[PDB]
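See structure below.
Each answer follows from the model by the rule given with it, or from the source it names; no laboratory read-out is quoted. Because the Cβ atoms are built from the backbone with ideal geometry, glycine has one as well, and the counts that use them run over all protein chains shown.
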There are 2 protein chains.
Amino acid sequence: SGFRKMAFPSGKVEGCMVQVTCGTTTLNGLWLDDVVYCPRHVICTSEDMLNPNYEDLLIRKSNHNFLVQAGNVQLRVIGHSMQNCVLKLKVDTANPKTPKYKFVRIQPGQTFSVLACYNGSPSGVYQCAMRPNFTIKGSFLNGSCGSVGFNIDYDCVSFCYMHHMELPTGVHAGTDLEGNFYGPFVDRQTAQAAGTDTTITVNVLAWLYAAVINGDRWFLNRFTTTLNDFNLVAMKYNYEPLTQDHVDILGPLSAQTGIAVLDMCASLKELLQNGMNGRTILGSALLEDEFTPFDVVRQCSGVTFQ
Amino acid sequence: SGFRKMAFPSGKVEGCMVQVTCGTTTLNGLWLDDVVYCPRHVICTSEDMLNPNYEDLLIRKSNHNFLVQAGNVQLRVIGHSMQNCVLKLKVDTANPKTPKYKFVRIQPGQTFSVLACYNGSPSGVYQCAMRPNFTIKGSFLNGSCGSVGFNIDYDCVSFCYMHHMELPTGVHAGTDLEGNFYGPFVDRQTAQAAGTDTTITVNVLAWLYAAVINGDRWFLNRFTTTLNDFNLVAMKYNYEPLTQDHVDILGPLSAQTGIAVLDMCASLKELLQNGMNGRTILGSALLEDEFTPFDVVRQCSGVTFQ
Ligand SMILES: *[C@H](O)[C@H](C[C@@H]1CCNC1=O)NC(=O)[C@@H]1[C@@H]2[C@H](CN1C(=O)[C@@H](NC(=O)OC(C)C)C(C)(C)C)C2(C)C
Ligand SMILES: *[C@H](O)[C@H](C[C@@H]1CCNC1=O)NC(=O)[C@@H]1[C@@H]2[C@H](CN1C(=O)[C@@H](NC(=O)OC(C)C)C(C)(C)C)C2(C)C
């Protein structure tokens, strides 16, 4: 037993990270087969970034302007192109450590692992979720641009995030691997703000099921509620609406514990109305919302990868 | 900015994990050069484990009784010996993925990363601390024995934990890599209990410094306190005593923020006496104690490894 915020093993992604230098800017890139992916603002300078025209800036570059370092081995660039907000630099060598992989664009509420890197070298790994307002609450410093987020399924790495920028409230914004931003943000140094966030209701319920699987049961009651009456309380406390699709996804966890989904909703309602009154759940004094129903089942059942 | 519970990148350790089967027991082993390390209760059965005599049980085994699987490649055993509570199985092939490494036995309060495995295949990675009562609050199921805990420094992997067993309160116990248990526990299925735990004072203070580095400042005050008066309040709330050695270790964090160590102690005292009154620190509603002063500096400064 036990329950922890668990990331995927990161070895398959470590073997893909490289350093990309152009002018006075250094950031991280992702090396898969004979292409390196990185954020397009690597072609900017500390005065280009105020309002750049990237097409007009890229047509002024040559291949040899791009310095790509893989360990202490130099890869030279033989072509380049821009796709939305990412650069694709073609190099003369295929990465022999290329795993099986895919690019995927995720929905708000889904979770992923982040391998934070500086100068092409990995620093640490942690678990994140895409918030309803399309930011992520990460841990990023100068030079971390180009670090990626990912999920692993068997032997296949599904890449879903590349890091670009930090907003004034201390949260983070970036793109999928095809260079499209999550949210309304643009890669320009001008006023933008996150928009108000909300709590991911379906994930909170999944975490209450994890507590029961592990022996915490003090928060249950004998009451119940309808979906509509629950959603009327949820709106009041700034929670996202729960759909019937969400109810259906929580089926397996309901069947393993014997607690109907709408009975667990009546328990959340009482916790929202009464607080916790000095008690904890799975070592937490707040209601936690960055575990999906999938996350709970993998950790409480023991699925591996290869 | 931001602050997360961050584990080390796990690729160097993934390349060392193998499967060890003997009789009806399967668990994980660690393959470094031409030796595989695993827990000695792999030679037991579901009735040997009640009160075994391991010396008398090992002298009844032959090399071919041990089945070692590395991927879908079979390593055969050519010798074996027992050291305290671990087996060392010598095999005819050296692991070509052996990193630079050391074995170390850690003190209570230190943190490490855990790579949880089943059947020799990694499942996930998370951060832990050795509690004052020599248990760890992990996430482990049947078959996870032999999974290891570790720290990384530059290119060197320092192994510090191997998992053996779970106690009735849901916490975990194990050994260093030379087979000596942390705590009073023994590898026998008999009544043992953890002993009362305490909160790791020096780590809580380090985490309050992390909050200030990141912009949280509502909990500070203009008061101060002596070391002895602080330790008199700490004992009351079941915190560990703070030594002058602890004060000295918190020097760099004090110098970067401009807040003297004993001023931060006066802030903790007020938080212990008054509670948080509905506010959070670094996204937490409890005082967090599994970040060392070293952990804070690496994440707030950006150190990598290679
Ligand atoms: C690339 O490594 C950095 C990573 C940042 C640095 C601090 N934490 C991070 O995550 N990204 C940028 O430098 C990025 C590029 C330049 C300016 N930024 C920012 O992230 C800035 N933020 C910003 O302009 O937000 C506005 C208000 C929407 C800032 C102030 C943090 C440097 C680009 C092209 C956006
Ligand atoms: C080896 O993979 C398992 C891992 C356990 C299983 C559940 N969670 C885990 O961490 N270890 C054992 O099976 C271990 C060996 C047999 C019995 N155990 C236990 O961990 C038992 N606990 C126990 O006897 O604690 C006493 C009360 C001190 C138990 C009941 C969980 C199976 C050995 C040799 C101790």
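Yes/no per residue for (1) part of a strand (DSSP E or B); (2) closer than 17 Å to residue B:115 by Cα; (3) outside the structural domain of residue B:122 (by CATH):
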residue: B:30; (1), (2), (3): yes, yes, yes
residue: B:42; (1), (2), (3): no, no, yes
residue: B:60; (1), (2), (3): no, no, yes
residue: B:68; (1), (2), (3): yes, no, yes
residue: B:79; (1), (2), (3): yes, no, yes
residue: B:89; (1), (2), (3): yes, no, yes
residue: B:105; (1), (2), (3): no, no, no
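Test residue B:225 against the stated conditions and say whether it is more than 13 Å from chain A (Cβ to nearest Cβ), outside any helix (DSSP H, G or I), among the hydroxyl-bearing types (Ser, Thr, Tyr) and exposed (fewer than 15 other Cβ atoms within 10 Å of the Cβ).
So residue B:225 does not fit the description; no.
Note down all Cβ pairs under 8 Å where the first residue falls in the stretch B:25-45 and is more than 16 Å from residue B:73 (Cα to Cα) and within 14 Å of chain A (Cβ to nearest Cβ), the second is more than 10 Å from ligand 2 (Cβ to nearest atom) and assigned to a loop (DSSP other than H, G, I, E, B), and they're at least six residues apart or on different chains.
Final answer for the pair search is B:26/B:119.
Which residues, counting only those in the stretch A:288-306, are more than 9 Å from every other protein chain (Cβ to nearest Cβ), closer than 15 Å to residue A:212 by Cα and surrounded by fewer than 19 Cβ atoms within 10 Å (Cβ to Cβ)?
Across the stretch A:288-306, the qualifying residue is only A:297.
Before we move on, is residue A:71 surrounded by fewer than 22 Cβ atoms within 10 Å (Cβ to Cβ), within 14 Å of chain B (Cβ to nearest Cβ) and under 30 Å from residue B:172 (Cβ atoms)?
It is false that residue A:71 is surrounded by fewer than 22 Cβ atoms within 10 Å (Cβ to Cβ), within 14 Å of chain B (Cβ to nearest Cβ) and under 30 Å from residue B:172 (Cβ atoms).
Hey, does the stretch A:115-129 have a residue that's in contact with a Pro (Cβ under 7 Å, 6 or more places away or on another chain), assigned to a loop (DSSP other than H, G, I, E, B) and more than 16 Å from ligand 1 (Cβ to nearest atom)?
No: the stretch A:115-129 contains no residue that is in contact with a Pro (Cβ under 7 Å, 6 or more places away or on another chain), assigned to a loop (DSSP other than H, G, I, E, B) and more than 16 Å from ligand 1 (Cβ to nearest atom).
What's the number of the only condition in (1) outside any helix (DSSP H, G or I); (2) surrounded by 17 or more Cβ atoms within 10 Å (Cβ to Cβ); (3) among the small types (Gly, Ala, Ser) that residue A:234 fails to meet?
Every condition holds for residue A:234 apart from (1).
Within the bounds of the stretch A:257-268, is there any residue that is under 22 Å from the mean Cα position of the chain (by Cα) and surrounded by 14 or more Cβ atoms within 10 Å (Cβ to Cβ)?
First pass over the stretch A:257-268, keeping only residues under 22 Å from the mean Cα position of the chain (by Cα): none.
Checked the stretch A:257-268: no residue is under 22 Å from the mean Cα position of the chain (by Cα) and surrounded by 14 or more Cβ atoms within 10 Å (Cβ to Cβ).
Go through the stretch B:166-224 residue by residue and tally those that are within 16 Å of ligand 2 (Cβ to nearest atom) and not small (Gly, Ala, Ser).
Residues that pass the stated criteria total 18.
Specify which of the listed residues (B:253, B:272, B:220) is within 26 Å of the chain's Cα centre (by Cα) and closer than 30 Å to residue A:169 by Cβ.
Just one listed residue meets the conditions, B:253.
Restricting attention to the stretch B:274-282, does a residue exist that is crowded, with 16+ Cβ neighbours inside 10 Å, touching a residue at least 40 places away in the same chain (Cβ under 8 Å) and away from chain A (no Cβ under 14 Å)?
no
Condition first: among the hydroxyl-bearing types (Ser, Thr, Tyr), within 16 Å of ligand 1 (Cβ to nearest atom) and either within 13 Å of residue A:7 (Cβ to Cβ) or not in a strand (DSSP E or B) (or both). Now tell me which residues in the stretch A:146-171 satisfy that.
Listed by number, the residues that qualify are A:147, A:169.
Looking only at the stretch A:110-119, filter to residues that are out of contact with any helix residue (DSSP H, G or I) (no Cβ under 7 Å at 6 or more places or on another chain) and within 9 Å of chain B (Cβ to nearest Cβ); which one of those is nearest to residue A:203 (Cα to Cα)?
By that ranking, first place goes to A:113.
Quick grid of which residues meet (1) within 22 Å of residue B:194 (Cα to Cα); (2) more than 10 Å from every other protein chain (Cβ to nearest Cβ); (3) more than 12 Å from ligand 2 (Cβ to nearest atom); (4) among the acidic types (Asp, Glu):
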residue: B:89; (1), (2), (3), (4): no, yes, yes, no
residue: B:93; (1), (2), (3), (4): no, yes, yes, no
residue: B:103; (1), (2), (3), (4): no, yes, yes, no
residue: B:108; (1), (2), (3), (4): yes, yes, yes, no
residue: B:125; (1), (2), (3), (4): no, no, yes, no
residue: B:130; (1), (2), (3), (4): yes, yes, yes, no
residue: B:139; (1), (2), (3), (4): yes, no, no, no
residue: B:161; (1), (2), (3), (4): yes, yes, yes, no
residue: B:164; (1), (2), (3), (4): yes, yes, no, no
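Can residue B:203 be described as surrounded by 15 or more Cβ atoms within 10 Å (Cβ to Cβ) and either among the polar types (S, T, N, Q) or within 16 Å of ligand 1 (Cβ to nearest atom) (or both)? Full working, then the answer.
Numbers: surrounded by 15 or more Cβ atoms within 10 Å (Cβ to Cβ): yes; either among the polar types (S, T, N, Q) or within 16 Å of ligand 1 (Cβ to nearest atom) (or both): yes.
Judged against the criteria, residue B:203 is a match.
Would you mind telling me which numbered condition in (1) more than 21 Å from residue A:109 (Cβ to Cβ); (2) within 14 Å of chain B (Cβ to nearest Cβ); (3) over 15 Å from the mean Cα position of the chain (by Cα); (4) of a type outside the set (D, E, K, R) residue A:186 fails?
(2)
Identify, from the list A:17, A:49, A:82, the residue that is surrounded by 14 or more Cβ atoms within 10 Å (Cβ to Cβ), within 14 Å of chain B (Cβ to nearest Cβ) and within 25 Å of residue A:176 (Cβ to Cβ).
Values: A:49 fails: within 14 Å of chain B (Cβ to nearest Cβ); A:82 fails: within 14 Å of chain B (Cβ to nearest Cβ).
A:17 is the lone residue from the list that is surrounded by 14 or more Cβ atoms within 10 Å (Cβ to Cβ), within 14 Å of chain B (Cβ to nearest Cβ) and within 25 Å of residue A:176 (Cβ to Cβ).
Taking residue A:143 and the conditions (1) assigned to a loop (DSSP other than H, G, I, E, B); (2) more than 9 Å from ligand 1 (Cβ to nearest atom), which numbered condition does it fall short on, given that it satisfies the others?
Every listed condition holds for residue A:143 apart from (2).
Exactly one condition in (1) within 8 Å of another protein chain (Cβ to nearest Cβ); (2) closer than 25 Å to residue A:204 by Cβ; (3) within 15 Å of ligand 1 (Cβ to nearest atom); (4) of a type outside the set (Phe, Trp, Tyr) is false for residue A:135; which is it?
(1)
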